[PDB]
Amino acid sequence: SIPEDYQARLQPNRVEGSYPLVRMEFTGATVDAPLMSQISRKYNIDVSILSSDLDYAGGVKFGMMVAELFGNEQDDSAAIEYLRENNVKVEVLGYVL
């Protein structure tokens, strides 16, 4: 489920002037922390949230979020590995030009 105007602009590889579009999955294995806040501060990422379907039930926060990550290549790569280190599953769908 990716909006069609983002699809039309989605490329497989990173070109000049494009930014990663990610789908992030959260489960009861994901570290319990304000991770979007932390990468916003630590790596100078603007997390442009497109869609989310996160829920909290039975003591667990779970679901998915799709976001475009605005920053530079070094910073967005660092932020993606930080999220993976904290057990967010991150799929880099492509780069939005």
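Residue positions are given as counts along the sequence shown, with the first one as 1.
Peer 1: Highest mean C-alpha temperature factor of the two stretches 87-95 and 1-9, which is it?
Peer 2: 1-9 has the higher mean C-alpha B-factor.
Peer 1: Thinking about Cα B factors across the chain, which third does residue 28 belong to?
Peer 2: Residue 28: CA B-factor falls in the middle third of its chain.
Peer 1: According to the PDB entry, is the CA B factor of residue 55 in the bottom, middle or top third of its chain, that is, lowest, middle or highest?
Peer 2: Highest third.
Peer 1: Considering every modelled residue of the chain and its Cα B-factor in the PDB entry, is residue 15 in the lowest, middle or highest third?
Peer 2: Answer is highest: the recorded C-alpha B-factor places it there.
Peer 1: Ranking the modelled residues of this chain by C-alpha B-factor as given in the entry, is residue 44 in the lowest, middle or highest third?
Peer 2: Middle third of the chain for residue 44's C-alpha B-factor.
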